[PDB]
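S.K.: Sequence and experimental coordinates follow.
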Amino acid sequence: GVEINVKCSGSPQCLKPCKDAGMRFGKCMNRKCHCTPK
């Protein structure tokens with residue numbers, strides 16, 4: 001995925017951030033959100 005500039009401690013926290021970046025799947029890794037390209 002693409003790393004966005006949003007901090008997280010679990011993947012559910014990346015749902016809205018990834019949607020704000022135009023994307024629908026992702027996960028929290030290394031305390032950052034990563035989102036699957038549209």
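M.R.: Structure received. Numbers count the residues shown, from 1 in each chain.
S.K.: Please name the bridge partners of the spatially most central residue of the chain.
M.R.: For the chain, the residue nearest the mean C-alpha position is residue 33 (3.3 Å; CA atoms, centre = their mean). Residue 33 has these beta-bridge partners by DSSP bridges: residue 28.
S.K.: List the neighbours of the strand ranked longest in the chain that are in contact with it.
M.R.: In the chain, assigned by DSSP state E, the strand with the most residues is strand 2-7. With contacts defined as CB atoms under 8 Å, 6 or more residues apart in numbering, strand 2-7 is touched by 14, 17, 18, 21, 23, 31, 32, 33, 34, 35, 37. Every residue, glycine included, has its C-beta placed from N, CA and C.
S.K.: which of those residues are buried?
M.R.: 14, 17, 18, 21, 23, 33, 34, 35 (16 or more other CB atoms under 10 Å).
S.K.: wait, the second one sits on residue 33?
M.R.: Right, residue 17. Yes: using CB atoms under 8 Å, residue 17 makes contact with residue 33 at a distance of 4.9 Å.
S.K.: Name the residues contacting each of the two.
M.R.: 4, 6, 8, 26.
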